[PDB]
Every structure is written in structure tokens, then in C-alpha cells.
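Next comes run_29.txt, a file with compact mmCIF, C-alpha atoms.
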# COMPACT_ATOMS: atom_id res chain seq x y z
CA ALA M 1 0.00 0.00 0.00
CA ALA M 2 1.09 3.60 -0.66
CA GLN M 3 0.03 6.69 1.30
CA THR M 4 0.89 9.79 -0.69
CA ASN M 5 1.82 13.08 1.00
CA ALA M 6 2.54 11.26 4.23
CA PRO M 7 4.29 12.83 7.22
CA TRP M 8 8.02 12.72 6.61
CA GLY M 9 8.61 10.23 9.42
CA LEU M 10 6.27 7.64 7.93
CA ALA M 11 7.92 8.04 4.53
CA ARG M 12 11.32 7.74 6.23
CA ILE M 13 10.55 4.42 7.90
CA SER M 14 9.73 2.80 4.55
CA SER M 15 12.65 4.32 2.63
CA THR M 16 16.32 3.68 1.99
CA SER M 17 16.74 7.47 1.55
CA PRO M 18 15.59 10.69 3.20
CA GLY M 19 13.66 13.26 1.25
CA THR M 20 10.61 11.34 0.04
CA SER M 21 6.97 11.78 1.03
CA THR M 22 5.12 8.51 0.31
CA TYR M 23 4.74 5.83 2.99
CA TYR M 24 4.79 2.22 1.71
CA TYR M 25 3.61 -0.65 3.89
CA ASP M 26 1.95 -4.05 3.78
CA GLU M 27 -1.84 -3.71 3.89
CA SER M 28 -2.07 -6.01 6.93
CA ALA M 29 -1.17 -2.77 8.75
CA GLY M 30 -0.86 -4.24 12.26
CA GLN M 31 -4.31 -5.85 12.19
CA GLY M 32 -4.64 -8.26 15.11
CA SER M 33 -1.94 -6.54 17.19
CA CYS M 34 -2.41 -4.20 20.14
CA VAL M 35 -0.38 -1.20 21.29
CA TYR M 36 -0.68 0.28 24.76
CA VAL M 37 0.13 4.00 24.92
CA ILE M 38 1.16 4.73 28.51
CA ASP M 39 0.92 8.49 28.69
CA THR M 40 -1.54 11.38 29.30
CA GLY M 41 -4.42 9.45 27.70
CA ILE M 42 -5.87 9.23 24.19
CA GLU M 43 -8.73 11.23 22.69
CA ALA M 44 -10.32 8.06 21.35
CA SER M 45 -13.16 10.00 19.68
CA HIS M 46 -10.73 11.58 17.22
CA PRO M 47 -11.89 10.58 13.69
CA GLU M 48 -8.28 9.60 12.93
CA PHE M 49 -8.57 6.57 15.26
CA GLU M 50 -11.64 5.13 13.49
CA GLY M 51 -12.98 3.45 16.63
CA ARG M 52 -9.74 1.48 17.13
CA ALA M 53 -8.66 3.46 20.23
CA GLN M 54 -9.99 3.17 23.77
CA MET M 55 -8.98 4.18 27.27
CA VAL M 56 -8.52 1.16 29.53
CA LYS M 57 -7.07 2.71 32.70
CA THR M 58 -6.52 6.02 34.46
CA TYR M 59 -5.04 6.96 37.84
CA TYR M 60 -6.68 10.42 37.81
CA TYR M 61 -10.17 11.94 37.89
CA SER M 62 -10.62 11.38 34.15
CA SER M 63 -9.30 9.07 31.46
CA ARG M 64 -9.48 11.92 28.96
CA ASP M 65 -6.31 13.39 27.51
CA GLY M 66 -6.39 16.99 28.70
CA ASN M 67 -2.84 17.57 27.45
CA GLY M 68 -2.47 16.26 23.88
CA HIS M 69 0.86 14.46 24.24
CA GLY M 70 -0.66 10.98 24.58
CA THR M 71 -3.04 11.60 21.69
CA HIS M 72 -0.12 12.68 19.50
CA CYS M 73 1.92 9.59 20.36
CA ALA M 74 -1.08 7.30 19.81
CA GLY M 75 -1.61 8.97 16.43
CA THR M 76 1.93 8.11 15.37
CA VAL M 77 1.40 4.48 16.43
CA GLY M 78 -1.90 3.90 14.72
CA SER M 79 -3.95 6.76 13.30
CA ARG M 80 -5.26 6.43 9.74
CA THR M 81 -3.20 9.35 8.38
CA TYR M 82 -0.39 9.83 10.89
CA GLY M 83 0.21 6.25 12.04
CA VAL M 84 2.69 3.50 11.27
CA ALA M 85 0.32 0.57 12.02
CA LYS M 86 -2.98 1.83 10.66
CA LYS M 87 -5.10 -1.17 11.73
CA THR M 88 -3.71 -1.87 15.22
CA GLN M 89 -5.87 -1.62 18.33
CA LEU M 90 -4.80 1.21 20.66
CA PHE M 91 -5.22 1.03 24.45
CA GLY M 92 -4.65 4.13 26.55
CA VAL M 93 -3.25 3.99 30.08
CA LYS M 94 -3.23 7.43 31.72
CA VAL M 95 -0.25 7.52 34.09
CA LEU M 96 0.50 11.21 33.39
CA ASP M 97 -1.73 14.08 34.47
CA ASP M 98 -2.94 16.81 32.15
CA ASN M 99 0.23 18.81 32.77
CA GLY M 100 2.23 15.83 31.49
CA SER M 101 3.61 14.88 34.92
CA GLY M 102 3.40 11.64 36.85
CA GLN M 103 4.85 10.00 39.93
CA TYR M 104 7.13 7.03 39.34
CA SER M 105 4.89 4.93 41.62
CA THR M 106 1.94 5.56 39.28
CA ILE M 107 4.06 4.87 36.19
CA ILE M 108 5.21 1.55 37.71
CA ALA M 109 1.62 0.60 38.53
CA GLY M 110 0.67 1.37 34.94
CA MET M 111 3.37 -0.91 33.54
CA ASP M 112 2.31 -3.78 35.80
CA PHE M 113 -1.28 -3.04 34.77
CA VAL M 114 -0.40 -3.58 31.10
CA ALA M 115 1.44 -6.83 31.82
CA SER M 116 -1.77 -8.23 33.32
CA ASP M 117 -4.37 -6.38 31.24
CA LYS M 118 -3.15 -7.85 27.96
CA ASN M 119 -4.72 -11.11 29.18
CA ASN M 120 -8.08 -9.31 28.99
CA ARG M 121 -7.59 -8.23 25.36
CA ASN M 122 -7.61 -9.92 21.96
CA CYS M 123 -4.17 -9.45 20.42
CA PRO M 124 -3.46 -12.63 18.44
CA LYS M 125 -0.54 -11.04 16.59
CA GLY M 126 1.09 -9.67 19.75
CA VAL M 127 1.29 -6.79 22.19
CA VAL M 128 3.42 -3.63 22.26
CA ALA M 129 3.74 -0.84 24.82
CA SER M 130 4.91 2.67 23.98
CA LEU M 131 6.39 4.74 26.83
CA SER M 132 7.08 8.33 25.76
CA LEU M 133 8.06 9.33 29.28
CA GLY M 134 10.92 9.23 31.74
CA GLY M 135 12.93 10.91 34.46
CA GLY M 136 16.11 10.35 36.42
CA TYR M 137 17.60 6.90 36.99
CA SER M 138 15.43 4.57 39.08
CA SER M 139 16.11 0.86 39.47
CA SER M 140 12.44 0.32 40.36
CA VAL M 141 11.23 2.03 37.17
CA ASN M 142 13.71 0.01 35.10
CA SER M 143 12.60 -3.20 36.81
CA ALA M 144 8.96 -2.47 36.02
CA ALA M 145 9.83 -1.98 32.35
CA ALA M 146 11.84 -5.20 32.45
CA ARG M 147 8.87 -7.09 33.91
CA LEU M 148 6.53 -5.72 31.26
CA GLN M 149 8.93 -6.87 28.54
CA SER M 150 9.45 -10.26 30.23
CA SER M 151 5.67 -10.78 30.33
CA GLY M 152 5.55 -10.85 26.52
CA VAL M 153 5.11 -7.18 25.56
CA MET M 154 7.42 -5.37 23.15
CA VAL M 155 8.38 -2.33 25.26
CA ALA M 156 9.59 0.79 23.43
CA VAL M 157 10.76 3.72 25.57
CA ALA M 158 11.96 7.24 24.82
CA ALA M 159 15.67 7.88 25.24
CA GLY M 160 14.98 11.35 26.64
CA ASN M 161 15.48 14.93 25.47
CA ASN M 162 18.54 16.04 27.45
CA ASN M 163 21.23 15.77 24.74
CA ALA M 164 22.96 13.52 27.27
CA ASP M 165 23.82 9.89 27.89
CA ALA M 166 20.57 7.97 28.46
CA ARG M 167 22.30 5.78 31.09
CA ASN M 168 21.16 8.36 33.68
CA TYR M 169 17.45 8.21 32.83
CA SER M 170 14.64 5.69 33.36
CA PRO M 171 13.14 3.66 31.83
CA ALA M 172 15.56 4.63 29.00
CA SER M 173 18.49 2.94 30.78
CA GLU M 174 16.80 -0.46 31.19
CA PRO M 175 18.82 -2.84 28.97
CA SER M 176 16.03 -5.29 28.16
CA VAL M 177 13.58 -2.80 26.56
CA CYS M 178 13.90 -0.94 23.25
CA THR M 179 15.34 2.54 23.89
CA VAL M 180 14.57 4.98 21.06
CA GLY M 181 16.53 8.09 20.05
CA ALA M 182 15.27 10.79 17.67
CA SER M 183 16.35 11.92 14.19
CA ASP M 184 15.28 14.71 11.83
CA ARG M 185 14.18 14.80 8.20
CA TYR M 186 17.78 15.29 7.01
CA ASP M 187 19.00 12.18 8.85
CA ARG M 188 20.67 14.19 11.61
CA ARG M 189 20.47 13.22 15.26
CA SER M 190 17.80 15.47 16.73
CA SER M 191 19.37 18.34 18.64
CA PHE M 192 17.76 17.26 21.94
CA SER M 193 18.07 13.48 21.56
CA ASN M 194 19.83 11.55 24.26
CA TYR M 195 22.48 9.08 23.13
CA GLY M 196 24.74 6.37 24.54
CA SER M 197 25.27 2.63 24.52
CA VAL M 198 21.81 1.92 25.95
CA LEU M 199 20.07 3.20 22.80
CA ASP M 200 18.87 0.44 20.49
CA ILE M 201 17.47 2.41 17.56
CA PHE M 202 16.58 5.86 16.22
CA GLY M 203 13.26 6.94 14.80
CA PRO M 204 11.81 10.17 13.38
CA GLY M 205 11.44 12.69 16.17
CA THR M 206 11.82 16.27 14.88
CA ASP M 207 8.74 18.06 13.48
CA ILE M 208 6.34 15.11 13.61
CA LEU M 209 2.75 15.76 12.52
CA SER M 210 0.11 13.73 14.36
CA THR M 211 -3.27 13.91 16.10
CA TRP M 212 -4.02 16.36 18.91
CA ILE M 213 -6.90 16.94 21.31
CA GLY M 214 -10.00 18.76 20.18
CA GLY M 215 -10.05 16.68 17.01
CA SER M 216 -7.02 18.57 15.69
CA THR M 217 -3.46 17.94 14.49
CA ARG M 218 -0.08 19.51 15.14
CA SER M 219 3.63 18.98 14.63
CA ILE M 220 5.87 18.62 17.71
CA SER M 221 9.33 17.22 18.44
CA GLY M 222 10.86 14.83 20.93
CA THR M 223 12.08 11.35 21.61
CA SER M 224 8.42 11.01 22.66
CA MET M 225 7.62 11.19 18.93
CA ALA M 226 10.31 8.74 17.83
CA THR M 227 9.20 6.06 20.31
CA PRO M 228 5.71 5.47 18.81
CA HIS M 229 7.23 5.12 15.33
CA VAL M 230 9.17 2.15 16.70
CA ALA M 231 6.20 0.81 18.69
CA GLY M 232 4.00 0.97 15.61
CA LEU M 233 6.73 -0.62 13.50
CA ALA M 234 6.99 -3.50 15.99
CA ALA M 235 3.23 -4.06 15.89
CA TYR M 236 3.32 -4.01 12.08
CA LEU M 237 6.20 -6.51 11.91
CA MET M 238 4.59 -8.80 14.50
CA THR M 239 1.36 -8.87 12.45
CA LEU M 240 3.46 -9.87 9.44
CA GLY M 241 4.90 -12.74 11.51
CA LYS M 242 8.47 -11.55 10.97
CA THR M 243 9.30 -11.21 14.68
CA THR M 244 7.88 -11.55 18.21
CA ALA M 245 7.56 -9.29 21.24
CA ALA M 246 10.72 -10.76 22.77
CA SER M 247 12.79 -10.36 19.59
CA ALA M 248 11.32 -7.30 17.84
CA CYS M 249 13.80 -4.70 19.12
CA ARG M 250 16.71 -6.85 17.96
CA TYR M 251 14.95 -7.52 14.65
CA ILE M 252 14.37 -3.80 14.09
CA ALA M 253 18.06 -3.17 14.79
CA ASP M 254 19.03 -6.08 12.48
CA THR M 255 16.97 -4.65 9.62
CA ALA M 256 17.56 -0.93 10.24
CA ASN M 257 19.11 1.53 7.84
CA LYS M 258 22.73 1.51 9.02
CA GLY M 259 25.27 4.31 9.14
CA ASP M 260 23.01 6.95 7.60
CA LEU M 261 22.60 9.37 10.53
CA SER M 262 24.89 12.31 11.24
CA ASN M 263 26.09 13.58 14.63
CA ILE M 264 25.85 10.14 16.26
CA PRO M 265 28.43 10.10 19.09
CA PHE M 266 31.11 7.44 19.02
CA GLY M 267 29.70 4.42 20.85
CA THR M 268 26.01 5.05 20.03
CA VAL M 269 24.31 2.88 17.41
CA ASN M 270 23.83 4.44 13.98
CA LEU M 271 20.59 2.62 13.17
CA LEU M 272 17.36 4.12 11.81
CA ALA M 273 14.10 2.17 12.01
CA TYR M 274 13.07 0.75 8.63
CA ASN M 275 10.20 -1.55 7.63
CA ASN M 276 12.06 -3.14 4.68
CA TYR M 277 8.76 -3.22 2.79
CA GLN M 278 9.17 -4.02 -0.90
CA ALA M 279 6.08 -2.79 -2.75

Written form, C-alpha cells:
Amino acid sequence: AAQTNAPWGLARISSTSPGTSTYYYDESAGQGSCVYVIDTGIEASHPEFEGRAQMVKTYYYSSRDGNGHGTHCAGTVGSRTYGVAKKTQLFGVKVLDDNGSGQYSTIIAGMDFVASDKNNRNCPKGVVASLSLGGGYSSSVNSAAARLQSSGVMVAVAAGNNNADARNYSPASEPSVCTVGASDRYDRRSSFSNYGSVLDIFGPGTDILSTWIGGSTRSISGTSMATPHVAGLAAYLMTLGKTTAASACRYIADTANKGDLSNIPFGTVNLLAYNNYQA
């Protein structure tokens, strides 16, 4: 399938070169997979989600996304226009308040929630969780992400936006999950992207158009935007049967575009997420 005039990041993930604008992908499109977006919520009524999004859990007075961040990330995973995996099921877990903040204890509870809640959902092609969040190093936060991954969920986490080594941030620094840095449309490391040996992969993160609250759209930047590209890619590849939740991060790294990014510090992987779809 071909989506013309796609957001640059979608075109990038199906291309061997920057500078194109059509996204190419297998029409299976993540059907039968599920992606949890652990964030500020999801405006599931947005026409872009086509009834495929729902809130399953909140720790606050509402499950609604009063911020926009979670809706934007969910849009990059799975919206009809802005999403990588256009037929996946999206499940929102609101661990962040409407200012975008959340206690680590709530975030941990949300990860353990997903590890159990997947047993209440129909996801025959597999389960992914996208975590566009983080703070300073915490062994307990890393352990929660490790448990979620161990339970059979492909966990993708943001590297962070500090232009620093991600070893000092959580859950970015957890070895067993997929830690995602950000790139721009010219294949440069995004100016804010964290780096370091703990990164597994880069995805599009600068000037990413996606869904927003109030039935709208906007373009924002962050490793928060790169992470759902990778989460959606994992769901898409799992639906194709090419990989599993336990092996998808390694598979994405195996099949990435290699050596094409600029300003990657010595010792950080130079790998850009790529669907290897041959139309």
C-alpha cells in the first residue's frame, strides 16, 4: 500500500533514503496486534482513530487526555493518516496528568497493569507498549519496564530529550527494553536526543505531525515522537509474523538503515528504524 503526501517520518521508515513523502507498507497494517500507549491518555473519539482506540485505565479523575501528548503519540502508532500501524488496536493507560507529569509509583503501577491487562484483550498477533516518558535513573522504574517486557510485551521507551547519555534516565536505561533516540528529516540526530550505549534504535522525532486533542493535528518534536514510530513498527512486523515481542527490538536493529545518521556520538548505534517493505 502507498500513502501519498505522508508525514516525513512515515515516509522515512519505509525508505532507503531521506527526502521522500510517500509511505509504503503491507496492507495487513498491524491488524490483530495491540499497542498500549502509557501516557496522558488518548482522545479516542478523534476521527483519525476510526474506533480502534480506547482508554482502559486512568489513575486520575478522568481518562481523557487533557494535554495532547498521549493523543499525538497514539496517532503516530496507529492513526489512519499519521500512524505507522494503521489497523492496530490502541489502548490508553493514563499515568500522566494533564500537565504531562506523573509519579514514578503511578508509572510503575501502569506498567504492571499492562502486563496483566493484555490477558483481557484480543491481540493474536502480539502486544506492544509505547512509553514516551521518563525521568532520572530509578532501578524500580527500570525493573517495572523489564517485567513488562518479560511478560511478553514489546516495550519501546523514549531515550529522553537532554542531549545527554541515556544511562542516567529511566526507563531509558533499562537494557532489556527498546530505547529509542530521535532523528530529523535530514537524517541528523535530533538536537535534543539523548544518546549512549543503551540506545537500540533511532526513529523520526523532529517536526512530527500527528493527532491532537479537540479533534485537531499539530507537529511537535521529541524522543516522545520517535518512540511510537518504533512501537507501531513493531506491531506491524509482528502482524506480518516476521518477529515476536521478545525479539522485535533486535529484529528492528538487524533490519535498520545503518550508518546513515549524522552527529551520532562514538559508541552510540547508527541505526534508523526501517520496515524493509518491498512494494

Task: Sphere at (23.1, 9.2, 11.4), radius 12 Å, counting all atoms listed in the file: residues as a PyMOL selection string - done: chain M and resi 17-18+181-190+195+201-204+256-266+268-273

Can you build me a table of range 204-237 of chain M residues sitting at most 10 Å from range 56-70 of chain M, with the closest atom pair per residue and its distance in Å to one decimal, using all atoms listed in the file, sorted by chain and residue number, as CSV?
residue,atom,partner,partner_atom,distance
M:210,CA,M:69,CA,9.9
M:211,CA,M:68,CA,8.2
M:212,CA,M:68,CA,5.2
M:213,CA,M:68,CA,5.2
M:214,CA,M:68,CA,8.8
M:216,CA,M:68,CA,9.6
M:217,CA,M:68,CA,9.6
M:218,CA,M:68,CA,9.6
M:220,CA,M:69,CA,9.2
M:224,CA,M:69,CA,8.5
M:225,CA,M:69,CA,9.2

Go ahead and write the residues just picked, C-alpha atoms, as a PDB file, in the frame of the given file.
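out_34.pdb, freshly written:
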ATOM      1  CA  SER M 210       0.110  13.730  14.360  1.00  0.00           C
ATOM      2  CA  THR M 211      -3.270  13.910  16.100  1.00  0.00           C
ATOM      3  CA  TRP M 212      -4.020  16.360  18.910  1.00  0.00           C
ATOM      4  CA  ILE M 213      -6.900  16.940  21.310  1.00  0.00           C
ATOM      5  CA  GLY M 214     -10.000  18.760  20.180  1.00  0.00           C
ATOM      6  CA  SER M 216      -7.020  18.570  15.690  1.00  0.00           C
ATOM      7  CA  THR M 217      -3.460  17.940  14.490  1.00  0.00           C
ATOM      8  CA  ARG M 218      -0.080  19.510  15.140  1.00  0.00           C
ATOM      9  CA  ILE M 220       5.870  18.620  17.710  1.00  0.00           C
ATOM     10  CA  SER M 224       8.420  11.010  22.660  1.00  0.00           C
ATOM     11  CA  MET M 225       7.620  11.190  18.930  1.00  0.00           C
TER      12      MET M 225
END

- [ ] Find the residue from M:9, M:241, M:78, M:232 that sits nearest to residue 129 in chain M; use only C-alpha atoms when measuring.
- [x]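 Selected residue with least distance to residue 129 in chain M: M:232.
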
Report, as AutoDock Vina command-line options, the centre and edge lengths in Å (one decimal) of the axis-aligned box enclosing every listed atom of range 32-49 of chain M, padded by 4 Å on each side.
--center_x -6.0 --center_y 1.7 --center_z 21.1 --size_x 22.3 --size_y 27.8 --size_z 24.4

Task: Point-to-point distance from CA of residue 91 in chain M to CA of residue 113 in chain M, Å rounded to tenths - done: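 CA of residue 91 in chain M sits 11.8 Å away from CA of residue 113 in chain M.
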
- [ ] Can you work out which one of M:27, M:98, M:207, M:48 has the shortest atom-to-atom distance to residue 74 in chain M, counting all atoms listed in the file?
- [x]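 Of all the options, M:48 lies closest to residue 74 in chain M.
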
Please return as a JSON list (two decimals) with C-alpha atoms, in the frame of the given file every residue within 7 Å of (-0.1, -11.0, 15.4), taking into account only C-alpha atoms and the file's own coordinates.
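Saved file out12.json follows:
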[["chain", "number", "residue", "atom", "x", "y", "z"],
["M", 32, "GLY", "CA", -4.64, -8.26, 15.11],
["M", 33, "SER", "CA", -1.94, -6.54, 17.19],
["M", 123, "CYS", "CA", -4.17, -9.45, 20.42],
["M", 124, "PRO", "CA", -3.46, -12.63, 18.44],
["M", 125, "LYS", "CA", -0.54, -11.04, 16.59],
["M", 126, "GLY", "CA", 1.09, -9.67, 19.75],
["M", 238, "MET", "CA", 4.59, -8.80, 14.50],
["M", 239, "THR", "CA", 1.36, -8.87, 12.45],
["M", 241, "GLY", "CA", 4.90, -12.74, 11.51]]

Open item on the list: Ranking M:26, M:117, M:97, M:174 by minimum distance to residue 14 in chain M and counting all atoms listed in the file, which one comes first?
Closed with: M:26
